[PDB]
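Just so you know, ligand 1 is whichever comes first in the structure, and atom 1 is the first atom listed for that ligand. Heavy atoms only: backbone and side chains are in, while hydrogens, waters and symmetry mates are out. Protein chains get the first letters and strands the later ones, always in sequence-line order, with residue 1 at the start of each.
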Amino acid sequence: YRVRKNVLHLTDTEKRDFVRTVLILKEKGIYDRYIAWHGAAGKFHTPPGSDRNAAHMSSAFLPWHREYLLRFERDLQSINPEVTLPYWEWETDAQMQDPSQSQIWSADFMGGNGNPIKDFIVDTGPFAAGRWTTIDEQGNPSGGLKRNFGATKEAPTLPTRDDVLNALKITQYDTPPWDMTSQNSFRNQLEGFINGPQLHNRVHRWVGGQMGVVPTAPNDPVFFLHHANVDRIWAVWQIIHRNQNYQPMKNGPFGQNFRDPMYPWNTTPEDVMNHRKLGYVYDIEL
Amino acid sequence: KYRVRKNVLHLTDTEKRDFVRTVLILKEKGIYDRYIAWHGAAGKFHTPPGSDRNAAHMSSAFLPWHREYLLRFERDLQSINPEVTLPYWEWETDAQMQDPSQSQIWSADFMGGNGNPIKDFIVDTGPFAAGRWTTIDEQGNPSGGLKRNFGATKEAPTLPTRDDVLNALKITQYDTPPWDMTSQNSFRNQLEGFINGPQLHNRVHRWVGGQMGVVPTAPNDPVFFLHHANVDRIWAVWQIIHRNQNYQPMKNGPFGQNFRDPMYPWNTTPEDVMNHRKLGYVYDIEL
Ligand SMILES: O=c1cc(CO)occ1O
Ligand SMILES: O=c1cc(CO)occ1O
Ligand SMILES: [Cu+2]
Ligand SMILES: [Cu+2]
Ligand SMILES: [Cu+2]
Ligand SMILES: [Cu+2]
């Protein structure tokens with residue numbers, strides 16, 4: 001009974017109220033908690049030595065961010081019980097000749113691309129320099145949100161609808177050894193390591209700026225719209241393959257199994273395995 | 001009130017073995033590293049950004065943050081053995097000894113001894129010596145062995161004394177503005193050890209050395225938890241003495257420091273842990 005809408009379906013009042021709430025959460029000090037949580041989990045390797053971490057590059061990538069978004073939406077509701085977390089359906093923006101012309105980058109919502117005169121500092125929209133302070137990898141101020149759409153040779157474009165459809169065909173949620181090299185794995189496909197960077201990883205590299213590296217990515221509010229779409233694609237996968245379940249169920253690295261606590265919380269993947277039990281739904285499901 | 005935390009020197013040889021056993025299990029399962037990471041992450045979480053205050057140190061939440069830290073750690077201990085509690089290292093009595101390194105807490109059956117200067121002060125005795133206990137660095141990667149170097153600093157050659165503890169218990173205010181290292185007439189800042197620092201809590205970290213000598217890696221040494229168990233005991237004694245003093249600030253402090261603000265990286269507030277008896281544990285001196 002909580003509907004999360006496509007960004008392009010939002011009214012100008014819904015767009016304004018969401019932007020308003022994020023700014024309030026930022027002013028109170030709640031927003032920075034989520035930046036720090038995401039950076040801390042990126043450093044928590046499972047197990048130490050491997051390149052698996054609690055939030056990425058392993059089987060917990062999807063449930064971790066679902067819990068991440070769940071906690072964020074609850075904090076949104078503390079200020080306004082009418083604001084939900086919209087999702088950025090970037091696979092349809094990619095259909096455009098110039099995806100940077102999408103209304104999600106308008107001055108009334110997320111703001112536009114970075115200014116190459118000012119080292120790609122974003123100077124338009126509610127999160128422009130002077131209105132929205134960022135923190136660096138070390139937790140100290142860094143002086144402004146940056147973006148540089150499609151300025152990389154490994155991610156010049158946004159993922160397509162065909163990329164999403166081909167990932168939904170995968171039968172297994174994940175496969176051993178539950179990491180960057182997992183083949184025939186929906187998790188690793190959606191994450192974007194199969195001929196990477198694609199999908200989730202490509203979207204981060206396409207936006208650039210803080211969004212292009214793990215420890216600083218949540219500095220951009222579009223991080224939450226991005227992962228709201230990733231969580232939707234996962235929820236669609238769970239509906240299609242109704243008789244598949246999370247993997248691994250056991251004997252994976254600690255923090256990756258079905259009932260292990262996900263650092264930095266005690267929440268397990270099972271606790272968030274059914275998003276309707278969490279109290280929200282995506283508009284395409286109705 | 002139904003769970004007693006004993007002085008380390010009062011433990012039986014069976015209690016010492018079970019505690020060491022449980023900690024090793026928590027390390028093997030992967031739970032122990034969660035506390036290293038939690039402590040490092042909170043040390044980087046400045047409140048507010050720019051200021052010299054973090055969620056776990058250098059401000060009013062220092063004491064309740066570590067109490068919740070110890071509470072969560074003790075619960076994980078009970079999941080493996082529902083009869084093991086968190087003992088405390090009463091370092092104010094070890095300081096009375098001429099050489100505190102001769103204390104039974106550093107025996108091969110418990111914490112092990114001082115570092116070996118031949119091996120760059122790697123600890124080579126006890127259950128946590130190199131080869132039986134792997135450590136992680138500030139970045140979350142293995143670092144290859146616990147180090148200790150007792151009293152090797154010019155600013156903290158000795159352990160704090162009994163008189164240091166008594167003089168801290170005299171302070172009337174829990175904390176004072178601006179709720180940080182410069183707070184004067186503050187029990188919290190006094191106990192932390194920034195009044196003519198390093199003293200008390202801060203001095204103990206500097207005296208042990210090794211990983212214990214810097215914030216992000218300190219929990220790599222299991223004595224980190226025994227140390228803070230004693231800090232939590234002294235606070236609980238202060239709360240009993242000054243029964244009508246309360247946490248400060250109650251409001252209009254930096255977010256994360258007020259009585260009902262969530263303490264990163266949890267949602268726990270200082271009020272949630274303000275009464276340690278309600279949390280389910282008690283110190284043996286209270287009996
Ligand atoms: O912040 C991130 C950036 C990238 C780019 O690969 O991937 C994953 C992230 O969480
Ligand atoms: O973990 C810590 C390490 C040091 C070293 O001085 O001081 C204070 C701490 O809380
Ligand atoms: Cu992430
Ligand atoms: Cu991401
Ligand atoms: Cu600490
Ligand atoms: Cu300490």
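A donor-acceptor pair shorter than 3.5 Å can be found between the side chains of B:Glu90 and B:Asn7. The closest side-chain donor-acceptor pair between B:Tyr283 and B:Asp232 falls under 3.5 angstrom.
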Ligand 2 polar-atom proximity to protein (N/O, under 3.5 Å):
unit_1	atom_1	unit_2	atom_2	d
ligand 2	10 (O)	B:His57	NE2	2.9

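Taking all atoms of both residues into account, the shortest heavy-atom contact from B:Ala61 to B:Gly256 is CB-O, 3.8 Å. The minimum heavy-atom distance linking A:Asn219 with A:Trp132 is given by the pair O-NE1, 3.0 Å. When all heavy atoms of B:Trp65 and B:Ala56 are compared, the closest pair comes out as CD2-CB, 3.5 Å. Between B:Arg53 and B:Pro178, the shortest heavy-atom contact is NH2-O, 2.8 Å. Annotation for A:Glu67 and A:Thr267: closest pair OE2-OG1, 2.9 Å, computed over non-hydrogen atoms.
For the Cu ion (ligand 6), the set of protein N/O/S atoms nearer than 2.8 Å consists of B:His201 NE2, B:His205 NE2, B:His228 NE2, ordered by chain and number.
Panel note: side chain A:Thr216, backbone A:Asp136; no donor-acceptor pair is recorded below 3.5 Å.
Between A:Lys146 and A:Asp119 there is a salt bridge, with a side-chain nitrogen of the basic residue lying less than 4.0 Å from a carboxylate oxygen of the acidic one.
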